[PDB]
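Student: Take a look at this one; I'll ask things after.
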Amino acid sequence: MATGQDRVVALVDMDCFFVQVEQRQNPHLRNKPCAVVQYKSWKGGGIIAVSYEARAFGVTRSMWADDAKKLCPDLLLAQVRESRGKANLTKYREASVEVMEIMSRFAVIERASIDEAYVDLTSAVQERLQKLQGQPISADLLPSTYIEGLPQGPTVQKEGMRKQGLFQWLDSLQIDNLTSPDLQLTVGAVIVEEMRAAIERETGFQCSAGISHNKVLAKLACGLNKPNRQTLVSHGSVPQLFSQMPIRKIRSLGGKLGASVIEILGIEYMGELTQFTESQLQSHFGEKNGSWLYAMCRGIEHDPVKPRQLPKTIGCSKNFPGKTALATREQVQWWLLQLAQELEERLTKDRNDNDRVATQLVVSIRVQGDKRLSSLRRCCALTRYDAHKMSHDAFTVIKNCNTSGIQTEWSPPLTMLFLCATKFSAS
DNA sequence: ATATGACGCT
DNA sequence: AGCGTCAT
Ligand SMILES: Nc1ccn([C@H]2C[C@H](O)[C@@H](COP(=O)(O)NP(=O)(O)OP(=O)(O)O)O2)c(=O)n1
Ligand SMILES: [Mg+2]
Ligand SMILES: [Mg+2]
């Protein structure tokens, strides 16, 4: 066993991100139950982000604003900007950039969503460990850090607990030895406190972090103490932590695979996987998955933090649910044009900022009926950032999908259009 | 009826 | 190349 204690990895995720972006801009919304919403026309718009004050009333994502007002009569709402007849997320992308640029200053980051990134702090920890000369680590360096699983053994409020675990941890801490993994996580954590102070100081956004030995544990830990707090999950904390951790809560196990592990194995919790041999697990779920479950239920995972702060694709989509589905060749050309146009603006920007060009265009459509996300995908060359050309070509490579013998109509009505630029390349 | 992005498998 | 899974 290489006790997967070779790296220090952190995941930083912003608290109710879209809400914070709106609240920084409109101070009236601060410290109040509020949500960000998309498309006012239908039931007040669907909710995409909720403040913690509003979560306390039960408001969630996937909820009509109308319905959320019932749980929470005083809920304030901000709408997503809308442009060319669709949601426009530029404000959130720009806020995201602010945050990525700051984290990038500390370390090598992997952009994992619009509001989170992974950081590999192995080197910064090592470096910081040479320049602190065996000087102890004070609790005052860790003003927002929880140590998962402490306190234990021999104040009933939350900050009281926080501190006692932190004190126990630190008093435990094995400081004259620099190869200690726990000490490294600690130093990593001091670093992420700094990171997190820089982010708030420079953008006014609060976030949470997890600090551990790998991406999966870091991500899990991030959630344990949201909002505005960070959590160190040490290797030794894993058996107790996983012993009642529902399987679905681990990254990549929230879907069918996780369900099949539960069903086939007849278990509920991560820790229960330890009782199987790697071979048994590979027989059930394949070589890479068995291997991966066998390691992961023991807290070990080697997926690296990828040095990638820029998306691999840029894309645009719109659903036409139910009656609104597109059923004329005019509707299809016109929305393709609407989408091509945003994509053109986002591409030109991208090229200026990041010295690269996309080279392939991916057209996706959904049809009325077909089960889920995409029904059909077709590719063509992306050679000019021209919305009219991208539109034209996108149509070209999907027109044959139209079963309508009549020239004007489109059948079946399309319930989704998606354009995506991909295959980027230095420029 | 609530816009996006990464990546594996064939 | 085109489809399927998993995620925010
Ligand atoms: N299904 C989803 C999930 C998130 N998002 C957007 C809005 C979120 O504010 C933002 C960040 O995602 P998120 O981390 O899952 N949630 P959020 O940051 O809002 O709240 P917490 O992380 O504090 O729980 O992505 C979305 O548009 N659709
Ligand atoms: Mg978040
Ligand atoms: Mg997130």
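Chain identifiers are assigned as A, B, and so on, following the order in which chains appear in the structure tokens; residues are numbered from 1 within each chain, and ligands are numbered from 1 in order of appearance.
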When the cut-off is 8 Å and you count only C-alpha atoms (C1' of nucleotides) and all ligand atoms, which residues lie near ligand 3, shown as number ranges by chain?
Tutor: A: 13-15, 17, 113-116; C: 8
Student: Output N, CA and C atoms (P, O5', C5', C4', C3', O3' and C1' of nucleotides) of each residue in that selection to a file, as a PDB file, in the first residue's frame.
Tutor:
ATOM      1  N   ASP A  13     -14.675  25.536  -3.985  1.00  0.00           N
ATOM      2  CA  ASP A  13     -15.953  25.729  -4.606  1.00  0.00           C
ATOM      3  C   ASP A  13     -16.599  26.959  -3.973  1.00  0.00           C
ATOM      4  N   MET A  14     -17.164  27.805  -4.808  1.00  0.00           N
ATOM      5  CA  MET A  14     -17.772  29.014  -4.329  1.00  0.00           C
ATOM      6  C   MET A  14     -19.135  28.695  -3.707  1.00  0.00           C
ATOM      7  N   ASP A  15     -19.443  29.446  -2.663  1.00  0.00           N
ATOM      8  CA  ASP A  15     -20.732  29.351  -2.008  1.00  0.00           C
ATOM      9  C   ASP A  15     -21.799  30.008  -2.878  1.00  0.00           C
ATOM     10  N   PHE A  17     -22.817  30.305  -5.921  1.00  0.00           N
ATOM     11  CA  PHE A  17     -22.007  31.234  -6.676  1.00  0.00           C
ATOM     12  C   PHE A  17     -22.758  32.374  -7.418  1.00  0.00           C
ATOM     13  N   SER A 113     -15.313  23.414 -12.872  1.00  0.00           N
ATOM     14  CA  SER A 113     -16.660  23.883 -13.208  1.00  0.00           C
ATOM     15  C   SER A 113     -16.527  25.385 -13.338  1.00  0.00           C
ATOM     16  N   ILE A 114     -17.637  26.075 -13.546  1.00  0.00           N
ATOM     17  CA  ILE A 114     -17.589  27.521 -13.518  1.00  0.00           C
ATOM     18  C   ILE A 114     -17.247  28.083 -12.153  1.00  0.00           C
ATOM     19  N   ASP A 115     -17.531  27.345 -11.069  1.00  0.00           N
ATOM     20  CA  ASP A 115     -17.283  27.843  -9.695  1.00  0.00           C
ATOM     21  C   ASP A 115     -16.315  27.026  -8.842  1.00  0.00           C
ATOM     22  N   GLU A 116     -15.639  26.032  -9.421  1.00  0.00           N
ATOM     23  CA  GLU A 116     -14.664  25.291  -8.666  1.00  0.00           C
ATOM     24  C   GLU A 116     -13.434  24.871  -9.455  1.00  0.00           C
TER      25      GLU A 116
ATOM     26  P    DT C   8     -21.571  17.962  -8.956  1.00  0.00           P
ATOM     27  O5'  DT C   8     -21.419  19.314  -9.784  1.00  0.00           O
ATOM     28  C5'  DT C   8     -20.136  19.910 -10.035  1.00  0.00           C
ATOM     29  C4'  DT C   8     -20.349  21.250 -10.692  1.00  0.00           C
ATOM     30  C3'  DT C   8     -21.162  22.229  -9.843  1.00  0.00           C
ATOM     31  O3'  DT C   8     -20.624  23.556  -9.828  1.00  0.00           O
ATOM     32  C1'  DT C   8     -22.230  21.908 -11.954  1.00  0.00           C
TER      33       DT C   8
END
Student: If you run DSSP over the backbone, which residues in region 183-273 of chain A end up strand (DSSP E or B)? Put them as number ranges by chain.
Tutor: A: 207-212, 230-232, 246, 269
Student: Next, write the just-selected residues to a file, as a CSV table (one decimal), in the first residue's frame, keeping N, CA and C atoms as the atom set.
Tutor:
chain,number,residue,atom,x,y,z
A,207,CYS,N,-16.1,31.3,-0.3
A,207,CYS,CA,-16.0,29.9,-0.7
A,207,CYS,C,-15.7,28.9,0.3
A,208,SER,N,-15.8,27.6,0.0
A,208,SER,CA,-15.4,26.5,0.8
A,208,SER,C,-14.3,25.7,0.1
A,209,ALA,N,-13.5,25.0,0.9
A,209,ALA,CA,-12.5,24.1,0.4
A,209,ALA,C,-12.4,22.8,1.1
A,210,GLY,N,-12.0,21.8,0.4
A,210,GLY,CA,-11.5,20.6,1.0
A,210,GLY,C,-10.0,20.4,0.7
A,211,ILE,N,-9.3,19.9,1.7
A,211,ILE,CA,-7.9,19.6,1.6
A,211,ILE,C,-7.7,18.1,2.0
A,212,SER,N,-7.1,17.3,1.1
A,212,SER,CA,-6.8,15.9,1.3
A,212,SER,C,-5.7,15.4,0.4
A,230,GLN,N,-13.4,25.6,5.6
A,230,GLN,CA,-12.6,24.5,4.9
A,230,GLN,C,-12.4,23.3,5.7
A,231,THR,N,-12.2,22.1,5.1
A,231,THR,CA,-12.2,20.9,5.9
A,231,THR,C,-11.0,20.0,5.4
A,232,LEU,N,-10.1,19.7,6.3
A,232,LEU,CA,-9.0,18.8,6.1
A,232,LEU,C,-9.6,17.3,6.4
A,246,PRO,N,-22.8,7.4,2.4
A,246,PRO,CA,-23.5,6.7,1.3
A,246,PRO,C,-22.6,6.7,0.0
A,269,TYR,N,-22.8,1.7,2.0
A,269,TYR,CA,-21.8,2.7,2.4
A,269,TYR,C,-20.4,2.4,1.8
Student: Taking only C-alpha atoms (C1' of nucleotides) into account, which residues of chain A are within 7 Å of chain B, as a ChimeraX atom specification?
Tutor: /A:46,62-64,317,321
Student: For chain C, which residues have at least one atom within 8 Å of chain A, if we go by only C-alpha atoms (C1' of nucleotides)? Write them as a list in words, please.
Tutor: residues 2, 5, 6 and 8 of chain C
Student: Please compute the atom 1 (Mg, counted along the ligand's line) of ligand 2-CA of residue 158 (chain A) distance, one decimal, in Å.
Tutor: 21.8 Å
Student: What is the atom 10 (C, counted along the ligand's line) of ligand 1-CA of residue 111 (chain A) distance in Å, reported with one decimal?
Tutor: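 That distance, rounded to one decimal, is 13.4 Å.
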Student: When you draw a straight line from CA of residue 221 (chain A) to atom 24 (O, counted along the ligand's line) of ligand 1, how long is it in Å?
Tutor: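 Atom-to-atom, CA of residue 221 (chain A) and atom 24 (O, counted along the ligand's line) of ligand 1 are spaced 12.8 Å apart.
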Student: Name the residues of region 162-277 of chain A that fall into alpha helix (DSSP H) according to DSSP on the backbone, using the chain letters and numbers of this document, as a VMD selection string.
Tutor: chain A and resid 162 to 172 181 to 203 215 to 224 238 to 242 256 to 265
Student: For the residues selected in the previous step, produce a file with C-alpha atoms as an mmCIF file, in the first residue's frame.
Tutor:
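What landed in part-v3.cif:
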data_model
loop_
_atom_site.group_PDB
_atom_site.id
_atom_site.type_symbol
_atom_site.label_atom_id
_atom_site.label_comp_id
_atom_site.auth_asym_id
_atom_site.auth_seq_id
_atom_site.Cartn_x
_atom_site.Cartn_y
_atom_site.Cartn_z
ATOM 1 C CA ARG A 162 -14.248 23.301 15.426
ATOM 2 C CA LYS A 163 -11.574 24.606 17.752
ATOM 3 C CA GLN A 164 -11.301 21.540 19.971
ATOM 4 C CA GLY A 165 -10.708 19.305 16.958
ATOM 5 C CA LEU A 166 -8.162 21.801 15.622
ATOM 6 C CA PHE A 167 -6.380 21.979 18.984
ATOM 7 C CA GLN A 168 -6.325 18.174 19.295
ATOM 8 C CA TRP A 169 -4.978 17.913 15.784
ATOM 9 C CA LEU A 170 -2.305 20.524 16.244
ATOM 10 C CA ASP A 171 -1.306 19.270 19.710
ATOM 11 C CA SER A 172 -0.968 15.876 18.009
ATOM 12 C CA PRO A 181 1.433 13.411 5.403
ATOM 13 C CA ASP A 182 -0.713 14.899 8.120
ATOM 14 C CA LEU A 183 1.756 17.760 8.547
ATOM 15 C CA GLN A 184 1.736 18.323 4.815
ATOM 16 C CA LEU A 185 -2.133 18.505 4.756
ATOM 17 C CA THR A 186 -1.892 21.000 7.577
ATOM 18 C CA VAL A 187 0.534 23.197 5.679
ATOM 19 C CA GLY A 188 -1.608 22.794 2.574
ATOM 20 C CA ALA A 189 -4.554 23.975 4.690
ATOM 21 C CA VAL A 190 -2.713 27.048 5.899
ATOM 22 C CA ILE A 191 -2.110 27.785 2.236
ATOM 23 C CA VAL A 192 -5.769 27.403 1.308
ATOM 24 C CA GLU A 193 -6.762 29.703 4.160
ATOM 25 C CA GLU A 194 -4.538 32.243 2.429
ATOM 26 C CA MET A 195 -5.992 31.505 -0.991
ATOM 27 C CA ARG A 196 -9.428 31.871 0.451
ATOM 28 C CA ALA A 197 -8.576 35.145 2.170
ATOM 29 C CA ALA A 198 -7.134 36.473 -1.189
ATOM 30 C CA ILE A 199 -10.315 35.492 -3.049
ATOM 31 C CA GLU A 200 -12.607 37.286 -0.621
ATOM 32 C CA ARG A 201 -10.335 40.306 -0.314
ATOM 33 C CA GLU A 202 -10.111 40.728 -4.045
ATOM 34 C CA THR A 203 -13.646 39.799 -5.281
ATOM 35 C CA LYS A 215 -9.426 14.892 -5.846
ATOM 36 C CA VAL A 216 -12.222 12.637 -4.629
ATOM 37 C CA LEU A 217 -11.465 13.196 -0.937
ATOM 38 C CA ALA A 218 -10.885 16.948 -1.456
ATOM 39 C CA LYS A 219 -14.251 17.309 -3.192
ATOM 40 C CA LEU A 220 -16.037 15.300 -0.484
ATOM 41 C CA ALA A 221 -14.403 17.350 2.269
ATOM 42 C CA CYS A 222 -15.316 20.618 0.636
ATOM 43 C CA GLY A 223 -18.961 19.799 1.269
ATOM 44 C CA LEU A 224 -18.720 18.680 4.825
ATOM 45 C CA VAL A 238 -11.185 7.754 6.136
ATOM 46 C CA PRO A 239 -12.371 4.516 7.821
ATOM 47 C CA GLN A 240 -14.709 6.321 10.234
ATOM 48 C CA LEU A 241 -15.788 8.757 7.531
ATOM 49 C CA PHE A 242 -16.519 6.123 4.910
ATOM 50 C CA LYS A 256 -25.907 4.299 -12.602
ATOM 51 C CA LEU A 257 -22.545 2.788 -11.689
ATOM 52 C CA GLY A 258 -23.067 3.776 -8.065
ATOM 53 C CA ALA A 259 -26.572 2.342 -8.152
ATOM 54 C CA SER A 260 -25.299 -0.908 -9.645
ATOM 55 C CA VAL A 261 -22.589 -1.180 -6.985
ATOM 56 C CA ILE A 262 -25.282 -0.796 -4.351
ATOM 57 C CA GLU A 263 -27.573 -3.308 -6.127
ATOM 58 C CA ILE A 264 -25.091 -5.986 -7.085
ATOM 59 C CA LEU A 265 -23.030 -5.907 -3.912
#
Student: Measuring atom to atom with only C-alpha atoms and all ligand atoms, identify which of A:69, A:226, A:356, A:93 is nearest to ligand 2.
Tutor: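 The closest residue to ligand 2 is A:226.
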